[PDB]
Amino acid sequence: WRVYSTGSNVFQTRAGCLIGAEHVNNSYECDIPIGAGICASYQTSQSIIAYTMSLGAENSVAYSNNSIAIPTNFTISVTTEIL
Amino acid sequence: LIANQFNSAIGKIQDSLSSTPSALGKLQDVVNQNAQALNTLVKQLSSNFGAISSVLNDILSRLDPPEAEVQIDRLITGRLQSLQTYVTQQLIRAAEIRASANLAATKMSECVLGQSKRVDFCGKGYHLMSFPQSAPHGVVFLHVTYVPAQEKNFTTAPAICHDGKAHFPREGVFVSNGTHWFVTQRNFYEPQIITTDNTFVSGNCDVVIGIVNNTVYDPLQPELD
Amino acid sequence: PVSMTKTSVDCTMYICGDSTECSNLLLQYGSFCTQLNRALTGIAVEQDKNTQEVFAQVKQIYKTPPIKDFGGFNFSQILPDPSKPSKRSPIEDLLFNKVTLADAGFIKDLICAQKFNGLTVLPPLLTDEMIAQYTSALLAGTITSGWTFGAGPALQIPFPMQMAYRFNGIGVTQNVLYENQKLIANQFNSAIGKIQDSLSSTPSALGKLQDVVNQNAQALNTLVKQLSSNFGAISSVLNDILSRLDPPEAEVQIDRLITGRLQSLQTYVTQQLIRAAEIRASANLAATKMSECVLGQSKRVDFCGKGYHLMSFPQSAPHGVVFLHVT
Ligand SMILES: *[C@@H]1O[C@H](CO)[C@@H](O[C@@H]2O[C@H](CO)[C@@H](O)[C@H](O)[C@H]2NC(C)=O)[C@H](O)[C@H]1NC(C)=O
Ligand SMILES: *[C@@H]1O[C@H](CO)[C@@H](O[C@@H]2O[C@H](CO)[C@@H](O)[C@H](O)[C@H]2NC(C)=O)[C@H](O)[C@H]1NC(C)=O
Ligand SMILES: *[C@@H]1O[C@H](CO)[C@@H](O[C@@H]2O[C@H](CO)[C@@H](O)[C@H](O)[C@H]2NC(C)=O)[C@H](O)[C@H]1NC(C)=O
Ligand SMILES: *[C@@H]1O[C@H](CO)[C@@H](O)[C@H](O)[C@H]1NC(C)=O
Ligand SMILES: *[C@@H]1O[C@H](CO)[C@@H](O)[C@H](O)[C@H]1NC(C)=O
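Residues numbered from 1 in each chain as written, not as in the entry; some residues may be left out. Chains lettered and ligands numbered in written order. Part of a larger assembly, values for the part shown. Heavy atoms only, no water.

- Its PDB header attributes the entry to cryo-EM and lists the resolution as 3.2 Å.

- Going by the annotation in the PDB entry, the name recorded for chain C is Spike glycoprotein, with Severe acute respiratory syndrome coronavirus 2 given as the source organism.

- As recorded in the PDB entry, chain B goes by Spike glycoprotein and comes from Severe acute respiratory syndrome coronavirus 2.

What follows is the structure in structure tokens.
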């Protein structure tokens, strides 16, 4: 089959050669694992995109040598677990 | 407040299981794999293995014994190899399921019949209790946990120098509104006046670094004077 | 150990390497090769599941502040170093240089000789640069928030006050720490430096990792060597049997070669399944230690090092994890 190899959106990953998926500059959470930190998903007029997966949101804790944070309110949370 | 939060959370569990269809995949996959194995085994009956036909009675109804033996031996070799493959993979899968059942027994003994202090063993947060429910070939735990969330900042100090003595909290921590000093337990903000009954004395106040100067109210002195 | 090397084997290039007649003889055996590819693909997925289960405990990436007044404690041998191309701690650098890794498997030796007979190595899903980012997030959360970042929102606290809480956990009254802060700081720094030197000197330290790598390579090695056996045929080269004999007599030889090579593949796949079960048990133990020793304080005896446990720090290693238990 050769009707995909025309391409014009070829991409080179450390796992190999990806044809038929456009590369973005964003970073999302992983949907379909490809490898070497590259995942791919189906999003926007809809297409298949390949990106570098994002570990999570960046956070910075305001550390200091005389400062503490204490809660004031609480939440009762019920989660499930299937075995 | 806690009654309303608990009832509401159980209702959200109800709706989340009622709507999301891919929740029980850990059970479902198990069933799928078993059926898949049996399926492959059945269609191994249709392979020739090098014989004239995959139907045994067609070898019997056509050939005389001194070569029907030769073809039947080939068929027997192939089918016996298929059975040994199936039995080995069933043994390994049974080992995995036994490990999962031992983990489920441990969670039943520790999360349900008692209260656990292992972190992230019985859900996320500080564990309060658990309830089991049955599922087809499996178990489902509902872990009820405590998660604290609305925080403020305060400025602390490890000790209080009062009269050349260092006072330490019996339980809690010293905090500041900005102007005064209070004693607070470590997971819920409720300030109290620093008395003698919730602090203990240990040594003088020239050794601890970062000690702040304050006063400690004694409950006996306004009783006498 | 946490994971092993993801390996894929193609039957038809292994058994009937580049032949049409051998493929037609192999189709009479049914669906062995679909079964083998399913088993090896299951192992290859489970490896990434192991690594994701161990390291991805939190879903925010904390960062340590640039100021480093931790009351006298000095975490410089475990915190990441910005003056390197890969942002790693120097203990992680020693751990990367100790293991003589083989079968790297990126895009391009003995690895090529394995590669030309249908044996491939897949790359892992998480690189070595993101596992270091999870490790740095775990240390930043531990030294700036205590245990509370694994149970809700991260709440900052001064470090010697956290360490006083940790003495109060094991039955020692907290005035012991505040009257001996300099002594504990010096003992902690000296112990970390001795860990550095002892790991830098002893060469047989990481055998638990190394053995895993060795065993996998050994299995692949003997699989390749099974291509050189006759199994009762006139040659071990399929093209010679094809280039000499007529089809109705060469079919008998080729069937014998197919039987032997298929038995070799089934032996290799069975032993890989059992080793994958062993590594998964070890990865579940590593996940339990990460949840209970690092994200909290344990009271189980000898679970998190020998003595009364105070706290722990994780570091990455090639296909594994290294805990430092402070006790
Ligand atoms: C603690 O949090 C709870 C919710 O988690 C607060 O309860 C809500 O209070 C508002 C008042 O503005 C009501 O409108 C809501 O109906 C309440 N929710 C529930 C579930 O009852 C509570 O007020 C908070 N308390 C403090 C002191 O902050
Ligand atoms: C420090 O905490 C005290 C708690 O008493 C706060 O002082 C009170 O302020 C109210 C007015 O808002 C007065 O009516 C009370 O008499 C005060 N208490 C005392 C003992 O004098 C004070 O607001 C807090 N500091 C800050 C900056 O909020
Ligand atoms: C934390 O410990 C490190 C140990 O590596 C200290 O770094 C050393 O500091 C001495 C003092 O001048 C130097 O002679 C060494 O060359 C340093 N070694 C390295 C590898 O940098 C570091 O100073 C300590 N932290 C603080 C804040 O003092
Ligand atoms: C913490 O509270 C102090 C007030 O004491 C404030 O100055 C500071 O900005 C707060 N930090 C954060 C991160 O909220
Ligand atoms: C915290 O650090 C500051 C440095 O600006 C110092 O002045 C202060 O004494 C320190 N506090 C404690 C409790 O060590």
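Structure shown, so let's carry the discussion forward.
Digging into the interface of chain C and chain B
Accessible area lost on assembly of the parts is the figure often given for the size of an interface.
At step 1: Counting residues at the interface gives 39 residues for chain C, matched by 37 residues for chain B.
At step 2: Taking both sides of the interface into account, the surface hidden between chain C and chain B amounts to around 3,300 Å²; carbon and sulfur atoms contribute 53%.
At step 3: If you sort the residues of chain C by the area they bury against chain B, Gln28, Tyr165 and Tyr178 of chain C come out on top, with a joint share of 15%.
At step 4: The interface formed by chain C and chain B contains two salt bridges.
At step 5: The salt bridge partner of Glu292 of chain C is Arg118 of chain B, with a shortest N-O separation of 2.8 Å.
At step 6: At the level of secondary structure, the elements contributing two or more residues to the side of chain C that touches chain B comprise α3 (32–55), α7 (159–169), α8 (175–178), α9 (181–201) and α12 (247–294) of chain C.
At step 7: Per-element tally for the side of chain C that touches chain B: the top contributor is α12 of chain C, with eight residues.
At step 8: In terms of residue class, the side of chain C that touches chain B is made up of 13 nonpolar, 19 polar and seven charged. (Contact = heavy atoms within 4.5 Å. Buried area = accessible area lost by both parts, 1.4 Å probe. Salt bridge = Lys/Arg side-chain N within 4 Å of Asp/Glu carboxyl O. Helix = DSSP H or I, 4+ residues; strand = E, 2+ residues; numbered from the N terminus. Nonpolar A, V, L, I, M, F, W, Y, C, P; charged D, E, K, R; others polar.)

Considering the site of ligand 2
All names here are of chain B.
At step 1: Around ligand 2 lies a shell formed by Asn177, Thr179, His180 and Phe182.
At step 2: Here an oxygen atom of ligand 2 sits 2.4 Å away from a polar atom, N or O, in the side chain of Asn177.
At step 3: Coverage of ligand 2 by the protein amounts to 24% of the 570 Å² it exposes when considered alone.
At step 4: Here the residues of the shell around ligand 2 are counted per class, giving one nonpolar, three polar and no charged. (Near = heavy atom within 4 Å. Polar contact = N/O pair within 3.5 Å; in protein donor to acceptor, adjacent residues only side chain to side chain. Areas by Shrake-Rupley, 256 points an atom, 1.4 Å probe, with all protein chains shown as cover.)

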